[PDB]
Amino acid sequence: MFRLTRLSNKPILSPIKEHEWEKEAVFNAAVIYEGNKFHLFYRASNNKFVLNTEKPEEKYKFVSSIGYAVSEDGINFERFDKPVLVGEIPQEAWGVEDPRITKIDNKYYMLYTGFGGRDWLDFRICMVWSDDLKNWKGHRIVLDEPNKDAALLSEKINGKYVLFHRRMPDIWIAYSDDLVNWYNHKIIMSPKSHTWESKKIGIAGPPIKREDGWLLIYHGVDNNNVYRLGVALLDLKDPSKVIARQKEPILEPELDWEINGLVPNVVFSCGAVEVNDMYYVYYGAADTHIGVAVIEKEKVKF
């Protein structure tokens, strides 16, 4: 088995109480590595996360925003006073969550969860895109259904866009001619009962192309809602086929700010990039902080 190794025993991004939109939490962050820079797009919450109510209650409302941070070494990030993305329509009344960014041809696609807070199924995969990672346009509901953990493949298979999504509790794949209509939905990977990944699974960041397949980092949730990261390999030509899947996780809550926090016992990645023959996996921790762990790509064997 292989596993990620943290670069810091402390977060690389933490909430800023002076900033309302990231007052309580910064986590679950998309990343792409473009101009020799790490472009990090992080979920941020103005509030703690009451989840145990029958419906989302306005008195316990939290608002998710996406922030931007940039770094050259992967560790130290420059941050900004304001978020780059917020919810603007009622379906995103409780904000925009867990972004995954994929570059296809020469455009960047950010897939996030729009949460409206009207009930606990009131969340949708949404998409905006940009030429430049700065000006997001063309907001759309990707699937009109309670769904999340969505990512696009960085290229087309047989001329089709590929979407990973997550009809509970499985990782699903779907295909599109036009990034509008999705078809040939199917389950590509399922939880394993009586294990750390028993309750549900979902893609982590967008799959990373390798020579032996597409690297599929994913999160698994156990019966007590611990989020841990696992890893699987998709067939290179047919990313609907899992060709390998590591039995044990590659990241689990270990440090205090991963075990303890707003949502205890969570590590969760929305983004990972290949940089200098290493995979940089940025992860939310306890839905409160962002850490980063790496693995030399040479060590990724199944």
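Sequential numbering from 1, following the sequence displayed.
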Subject >> Stretch with the higher entry mean CA B-factor, where the candidates are 78-86 and 181-189 >> reply: 78-86
**OP:** Taking the mean of the C-alpha B-factors per stretch from the entry, tell me the winner out of 250-258 and 35-43.
**Re:** 35-43
Original post:
Which has the highest CA B-factor per the PDB entry: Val128, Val226, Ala232, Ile104?
Top reply: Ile104
Subject >> For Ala69, the third of its chain into which the C-alpha B factor falls >> reply: highest
**OP:** Just say lowest, middle or highest third for the CA B-factor of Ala285 relative to the other modelled residues in its chain.
**Re:** lowest
Original post:
Taking the entry's C-alpha B-factors for this chain, is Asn276 in the lowest, middle or highest third?
Top reply: highest
Subject >> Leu215, C-alpha B-factor rank within chain (lowest, middle or highest third) >> reply: middle
Original post:
What third of its chain, lowest, middle or highest, does the C-alpha temperature factor of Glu97 fall into?
Top reply: lowest
